[PDB]
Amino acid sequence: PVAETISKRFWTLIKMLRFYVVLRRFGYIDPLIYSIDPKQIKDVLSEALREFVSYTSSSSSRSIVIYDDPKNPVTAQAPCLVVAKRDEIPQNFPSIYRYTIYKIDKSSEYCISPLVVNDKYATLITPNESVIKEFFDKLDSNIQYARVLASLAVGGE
């Protein structure tokens, strides 16, 4: 069950790669789909993980809308890895990647960040060593893990 177990165990990687999809940094996605070389895929992921620390280290906090009601919008403090102007993000993306793009309260700008909502609170999700280790190992035994990971990341929320 390469897909269901990937969605359970490597959920934090899926969420990271989706963050990059939203930013259209497809250099970190394309090799997982088209490359037949595990070494090349591991290289790209190492670069992806490193650039991700630049984001997680530089982040600012904003009050974001985690549940959008016309009357009682639920807002939460969340770390925003990127704060984007509305016209810097594709028009269709906010409704596709709904748990990666968030409205910043009392503002037109977007919070772009791999967050998970537990309706009240928002939590930054980052891949831990275990997940990276495991995925790299699975990847060496079967390249399909790259294909399915990218497929899920590109998918909406």
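We number the residues from 1 along the sequence you see.
- Two stretches are in play, 36-44 and 124-132, and the higher mean C-alpha B-factor belongs to 36-44.
- Relative to its counterpart among 13-21 and 133-141, 133-141 has the higher mean temperature factor, C-alpha atoms as listed in the PDB entry.
- In the deposited coordinates, the residue among 95, 113, 56, 107 with the greatest CA B-factor is 107.
- Among the modelled residues of its chain, residue 100 has a C-alpha B-factor that falls in the lowest third according to the deposited record.
- Remark: residue 49 belongs to the lowest third of its chain, ranked by C-alpha B-factor as recorded.
- Annotation for residue 66: CA B-factor lies in the highest third of the chain's modelled residues.
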